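Enquirer: Turn this into a structure:
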Amino acid sequence: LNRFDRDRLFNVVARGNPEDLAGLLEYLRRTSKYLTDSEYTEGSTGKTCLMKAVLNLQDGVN
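Expert: Numbers count the residues shown, from 1 in each chain. Right below this line is the structure:
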């Protein structure tokens, strides 16, 4: 797994499609990355992909 962009990750979770997350774990393991690293946050507030997932809810759940 070569790359997973923050922009793509936020877009994936907003749409709420769990299948589009495929490869994220492998990419993180290969690169030893964490979803809380500056790369996966806006920087201006420190907003995570989990916050986005909760901000974008289809009725009750995501």
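Enquirer: Check the separation of the first and last residues in stretch 25-39.
Expert: Length of stretch 25-39, first residue to last, CA to CA, to the nearest Å: 15 Å.
Enquirer: Spatially nearest residue to residue 27 (excluding sequence neighbours)?
Expert: In this structure, residue 27 finds its nearest non-sequential neighbour in residue 1, 4.0 Å apart by CB to CB, 6 or more residues apart in numbering. All C-beta atoms are positioned from the backbone trio N, CA, C, and that covers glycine.
Enquirer: thought the one you found was touching residue 22?
Expert: No: between residue 1 and residue 22 there is no contact under CB atoms under 8 Å: 9.6 Å.
Enquirer: follow-up on the earlier one: could you tell me how many residues sit around the residue nearest to residue 27?
Expert: Residues near residue 1, counting by other CB atoms under 10 Å, number 13.
Enquirer: Next, the buried residues of the lengthiest helix in the chain.
Expert: When the chain is parsed with DSSP state H, its longest helix is helix 6-15. For helix 6-15, the neighbour count (16 or more other CB atoms under 10 Å) marks 6, 9-10, 12-13 as buried.
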